[PDB]
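Inspection log for the structure reproduced underneath, given as structure tokens.
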Ligand SMILES: Cc1ncc(C[n+]2csc(CCOP(=O)(O)OP(=O)(O)O)c2C)c(N)n1
Ligand SMILES: Cc1ncc(C[n+]2csc(CCOP(=O)(O)OP(=O)(O)O)c2C)c(N)n1
Ligand SMILES: Cc1ncc(C[n+]2csc(CCOP(=O)(O)OP(=O)(O)O)c2C)c(N)n1
Ligand SMILES: [Ca+2]
Ligand SMILES: [Ca+2]
Ligand SMILES: [Ca+2]
Ligand SMILES: [Cl-]
Ligand code: NA
Ligand code: NA
Ligand code: NA
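Protein chains in written order, with this note's numbering: chain Z, 66 to 621; chain E, 144 to 698; chain S, 66 to 621.
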């Protein structure tokens, strides 16, 4: 069997070469044309498989496995609309730099024709998002077509780790008959390639005249899956305040120089002249702080550990493509700069601000109170996955010194795929998901992975019956007559039926009090639905956004 | 063994199928990777080859071969930047709807990699301009890789004829070794395909209220390689004036209803009220007429025999995708109205305007005087290829009732590849090329085909040492300190040396008096360089542009 | 009016910010729609313009200015097929990593429509080649239209200098009226931005198990515009032979470990067993050495100082993105071993090989002898620009220890734009061009830059009236009847007329004896045409390709 041999050799060598570069699990979607490679993944004894019927949720689930395992994961689907369902997670992968390996199976080269049944053009179909894309040769007996696997995987490997990391696309034409020879297990190897690892440094001589000024600020944004330890060391030696995003992983250390309440301080009118700012990582969540960067005259230095850097919210004076740890290690040099006065001011504001939050949280009965209680209930060394919209903004204002991790899909900021991404992380981590009802409806299909494979994850569902974030927009007042139809968008759905469909336990609370004396338990994966009111949430959030306004004028 | 026989079969079949759908000649550029299909065309007894070392001029030479033969023509190049040089003529073919078949050879799929030596991405590299692009499978002995030719040639044929006409692209990977079995001549077939022929008609009931209004106008723009006879029939029966562009192929008939001086008329301040206009073809050359279309309140009907209709310069009231003949034929079987005084008003403007042009052409000493003489010197039933920039504007104003044809690359309006396109038509037609010096410089490499292949074609070279069209720009006054350097851009080239290099005879005229008593009949192809001055040309053109202002006010 | 001020503020700020990021030259092509930006470049007192009517040659001319100045250069053209003529130089810039800045002028959105007169789609029209593309907004009075220039310029700057270097695209729509206010000279500023610099390092310990083996080779390909000195330092300490390409810039040092005759050695039948190879830079010219790399089972390391690494001709076992100097200074932490015998075998072969080459050049009378004599004549510390096809193969075989630099277009290996690229380099460096007749005809229009602006550059034209390189192909014997028509392609042109047209001096040599006893350097730029015969060249080259056979007796 000349064809069966070549197809088996190609498909089994490809799966092993994916293993050789770090792939340990794949998410497969059912289909006919994907048969040869699907069987290779299942037969390979060191590649775990996950079968997912929904291609959209499957790709977001794989994004979750990548964020949880810190390894590249591959997805495999058949030809046609299946591949088109990958685009949302591929788009989030592009911005968030997720090493997602997209494999689309195709008809053989001689049979392809755009416009035929189930025949879209798949070659370079993700060109808008990926940095690597290749159309595999058809399998034959020659040595050159096998070496293409080694040749192309070596090129592709530069996009799976380091700063060039991002989604890649292999298009794989397969000729009938499709089923390979399952006896050739000798071609299912488990070798391990040596991966290149670098270390960077910069000469900061021309920068010491800035860094030696007194009123300096370190601003750390999204830093999931990066190391941040040397940021704390530089801050301790040089007395520099750190404004730390929730996704910076820096608030859990309880560092005496970490400022967590900056979004409330700036919202309430904090206005200080600062000499320089060191923006590290992806942008922060705080709308008000990002707007302050577009107004300050401070010297701006941006530090980001990826290629294709974007300088949101404003072009800095210099942009460094380097890891935060390597950057701050180049900056350590004995100097006699006293800025204790500058640091003691920020340490003092943060003290009073942390106190005012605790006073608001004692009298709060709104959605923000529910979020504060979940923060209190989360065990140390555990993790929260926070959905987009308001949950991630409440975490910013409310997470202070708890030793926990928070994760999010803060790349494209979509409300899609949150369930699937959280579940993928729960495969490897102890995580609890916090989500609004619109995102929960968006990726309801994602719960199938919990039902079929018993992935342990509780879900804290905030149900204010629509889009709450829009209450804080000007259209609530300038388009009152159309607000609830265009922006409210209530579903009115009974999510207790969702729990029974996907075999979650269900509990509903109508006040923070019942939530306070309850206990989240890992006996089974359960959905806790907390009922809030969007109008009530807006009123109470307004109270919170101006709580610090008195201390600012008082400290002045 | 099998490889040579599989490669021969695929490549000889592909060449034979191209013949079956209309291809009779190809323009090959040298290279190694293009070996198998290059030898196929040369071996095929009914496919003529042209070998051109400059891929840019080669693609424009193919465009000319298409325009002169009215049959699709293929170009073949090797992998790499050879394919990238095709892009200018591919972009011109997208707008002008030229059925140019673009064949790029590639390395085999298993060896492909963007960034390797001589390795750009050729798959869908012309996606920005073509309506059909295919990456062929590597040659096999199986029937399905051979049937892919029959399958994709049938799909690609819809872009070679009719309204979907335009450029198409095949990327052909070839595996080493690349030489085919030249003795397998049985696979070099010469079948001829039967092809669909349609006729269209529209329901004109909801257009009769417009068409029965008196003050109507038929505006015919670019109609190259299209049939226009029923336009004259409808105009005769219904007393409608025809504002005929030079490229409409209508001015040569000396029809009593064809107005040739509309551009000067509208330049001189014509401001008649019009009930409706029927715009047929691609946009006209006249900037002033296209501005008037953005101002008139007339009912606008657009008629174009091609898909992807663009509606320059303004969206009409209705757009019909139909040939001109099939459009006017569907309106002919109707009753008639009396609009004779409207037709005669226009006929009187044309008679006096033509009399004023004859007067101007006796005094003038500028570039437009040279152009008018060439029209007079052109033998009847012969053709002219007009460059872009000023020459196409001067033909618009000066070509009246002469029985000649005029062609031009009026899609992208590029100054590139003019020489090669003109020579391409010259293989099939009696053609004289009129061209400015900068465009002559641009495609000087295109002259190689005249030397190597003995293409009889004379060249009238209008040399004013720079870009004369920019004299009529507001920058000539508003940016005078920088004008000559930025817009003038003289070369100072002695084009007699170009004539010697490419084995052209040469003659240089400094005045229109010498050119008038000269003769363009030549034993060998020859280059006539006519020396003019850009400022002198600007000043005399402004008199020409305003000449009809007094006669217009006397109507 | 208001439009004239907003337009002026846009183009004057755009041109200044280009200067701020390093642009000093711009090559403008005439057109109407380009008027605003064209006058801005002319009016700017510290940007020099070149005016070129042929966009194809113009873009290759800019490539040469980038190579000569080692700065980014911008090109500007009007709408339509003018931009399409840029494609070949952009393709070469993609592979060779040339920071070519492509500026295409476009109609405003109200007149943007594919199919309209002179209206091709220009936005992302270079998606196939460039690393950055942007469609500028139409100028208006808002500050954000200006701020987009500062924002986008910082992003685009990362593609102009480092390992991410490559062609970038700006499409700029301009609305009538087009003339800017030339009295607003205050907006044409000459600030200079600070640009980041890094130093990388790898952990040599991961390669330890390989680099302690004795039969190791360093193979250095195209390294032009790169630092190369630490390769010599590393090879000296560790006794490693260096096979050096002409474009490696390493042959001009007479380093005891540099091998320049490897190609002839392989052609002459050299067989060798290698423990490891370290491939540095872009691929080597030698077909034999690249074919050998596909057959050896040595451990292979690839090191390139650019992103988007391709691994031609075979997949290495590991590949590093790092400069050669940073890589080898990292390998300098290892202790040495004993491979002195291995080095001696290579040093002895190179000694006899150089004597055999010198012997050949005394006897040869073909195209080869002309090239060998041109190298001898060239002044030291001057430079050659070598065309593709045979001249670059002959320089590989004949260039030994002459103290000169060699440059070429070795990305896409096209025969287009060679003349213009050398001329661009001659503006910043002392260079003589060596080019075959078919490539000379291909870029004949590029000589306009020499007539108009009086660039000093001699041209050595190897005229054999056809494609000489195809003599060495299997087609010469397999399809001999069609060879002259399809591969020879004689033009029969008398290039004395080309010299008169572009105001060059002309001298024609029919014998190597005439050429050896002549003087080339002169006050005026000269075209030296050396008539040779393709058939005799093939035969004499056969003797050269076997001139080193009597030195090879045993496998290395
Ligand atoms: C895929 C996608 N569609 C739409 C949006 C726009 N969007 C942002 S927030 C939001 C509503 C989120 O509602 P919910 O999850 O209930 O949270 P809440 O606003 O109540 O906190 C929408 C539709 C988006 N970000 N992503
Ligand atoms: C490829 C290309 N580049 C630029 C232009 C812009 N352009 C239009 S007309 C013109 C000048 C051409 O001058 P020439 O052919 O000498 O004729 P003249 O204006 O003197 O009549 C130019 C550069 C173009 N049309 N095509
Ligand atoms: C743009 C382009 N077209 C075609 C080729 C294919 N090609 C490579 S070398 C060559 C011949 C070059 O001839 P010439 O400059 O006279 O050099 P010779 O072979 O005689 O040394 C050709 C056509 C190419 N590399 N690039
Ligand atoms: Ca909600
Ligand atoms: Ca001119
Ligand atoms: Ca030659
Ligand atoms: Cl030497
Ligand atoms: Na498995
Ligand atoms: Na033939
Ligand atoms: Na200037």
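Just so you know, even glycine gets a beta-carbon here, dropped at the ideal spot from N, CA and C.
Item                                                                                                                                                                                                         : Value
Determine, using beta carbons only, whether residue 574/S and residue 595/S come nearer to each other than 7 Å.                                                                                              : yes
Report the rounded CA-to-CA distance for residue 366/S versus residue 379/S, giving the unit in angstroms.                                                                                                   : 11 Å
Taking only heavy atoms of ligand 9 into account, decide whether any of them is closer than 6 Å to the Cβ of residue 195/E.                                                                                  : no
Applying the criterion that 16 or more other CB atoms from any shown protein chain within 10 Å of the CB defines a buried residue, is residue 539/Z buried or exposed?                                       : exposed
Mapping DSSP to helix, strand and coil, what is residue 443/E?                                                                                                                                               : strand
What runs of the beta strand (DSSP E), each 3 residues or longer, lie entirely inside the stretch 658-689 of chain E?                                                                                        : 669-674
Of the residues 364/S, 159/S and 478/S, which one's Cα is nearest the Cα of residue 458/S?                                                                                                                   : 478/S
Answer with yes or no whether the minimum CB distance from residue 469/E to chain S is below 7 Å.                                                                                                            : no
What residues are listed by DSSP as bridge partners for residue 295/S?                                                                                                                                       : Answer by DSSP bridge pairing: none, since residue 295/S is not bridged.
Is it true that the stretch 142-149 of chain S meets the stretch 177-190 of chain S, where meeting means three or more beta-carbon pairs spaced less than 8 Å apart?                                         : yes
Please tell me whether residue 162/Z and residue 453/Z are closer than 7 Å, where the distance is taken between their beta carbons.                                                                          : no
Is it the case that the CB of residue 499/S approaches a heavy atom of ligand 7 more closely than 6 Å?                                                                                                       : no
If we require 4 or more residues per run, which alpha helix (DSSP H) segments fall completely within the stretch 174-240 of chain Z?                                                                         : 208-221
At least one CB of chain E closer than 7 Å to the CB of residue 202/Z: is that the case?                                                                                                                     : yes
Would you mind sorting residue 233/S into buried or exposed? The rule is 16 or more other CB atoms within 10 Å of its CB.                                                                                    : buried
Please indicate yes or no: does the CB of residue 82/S lie closer than 6 Å to some heavy atom of ligand 10?                                                                                                  : no
Check for me: the beta strand (DSSP E) holding residue 606/E runs from which residue to which?                                                                                                               : 601-606
Relative to the C-alpha of residue 658/E, which candidate in 560/E, 521/E, 697/E and 594/E has its C-alpha closest?                                                                                          : 521/E
Using 10 angstroms around the beta-carbon of residue 542/E, count the other beta-carbons present and answer buried if the total reaches 16, otherwise exposed.                                               : buried
Between residue 549/E and residue 366/E, what straight-line distance do the alpha-carbon atoms span, to the nearest angstrom?                                                                                : 11 Å
Does the beta-carbon of residue 140/S, which I'm using as the reference point, lie nearer than 6 Å to any heavy atom of ligand 10?                                                                           : no
By the three-class DSSP mapping on this structure, what secondary structure does residue 357/E have?                                                                                                         : coil
Could you tell me whether the stretch 269-287 of chain E touches the stretch 313-325 of chain E, using the rule of 3 or more Cβ pairs below 8 Å?                                                             : yes
Indicate whether at least one CB of chain E lies closer than 7 Å to the CB of residue 288/S.                                                                                                                 : no
At a CB-CB cut-off below 7 Å, which residues of chain S make contact with residue 618/E?                                                                                                                     : 100 and 244
Can you confirm whether the stretch 514-533 of chain Z touches the stretch 554-569 of chain Z when touching is taken to mean that 3 or more C-beta pairs between the two stretches lie within less than 8 Å? : yes
Are the CB atoms of residue 271/S and residue 398/S nearer to each other than 7 Å?                                                                                                                           : no
Tell me, which residues are paired with residue 428/S by DSSP?                                                                                                                                               : DSSP output for residue 428/S lists no bridge partner at all.
DSSP has residue 411/S in a bridge; who is on the other side?                                                                                                                                                : Looking at the DSSP assignment, residue 411/S forms no beta bridge with any residue, so it has no partner.
Please confirm whether any heavy atom of ligand 10 lies closer than 6 Å to the CB of residue 107/S.                                                                                                          : yes
With H, G and I counted as helix, E and B as strand and the rest as coil, what does DSSP make of residue 405/Z?                                                                                              : helix
Taking residue 155/Z and residue 138/Z to be in contact with their CB atoms under 8 Å, please state how far apart those CB atoms are, rounded to whole angstroms.                                            : Contact flag wrong, Cβ pair sits at about 13 Å.
Please decide whether residue 66/S counts as near chain E, where near means a Cβ-Cβ distance under 7 Å.                                                                                                      : no
Three-state secondary structure (DSSP) at residue 501/S?                                                                                                                                                     : strand
State the start and end residues of the unbroken beta strand (DSSP E) segment that holds residue 329/S.                                                                                                      : Per DSSP, residue 329/S belongs to no beta strand (DSSP E); it is in the alpha helix (DSSP H), 327-332.
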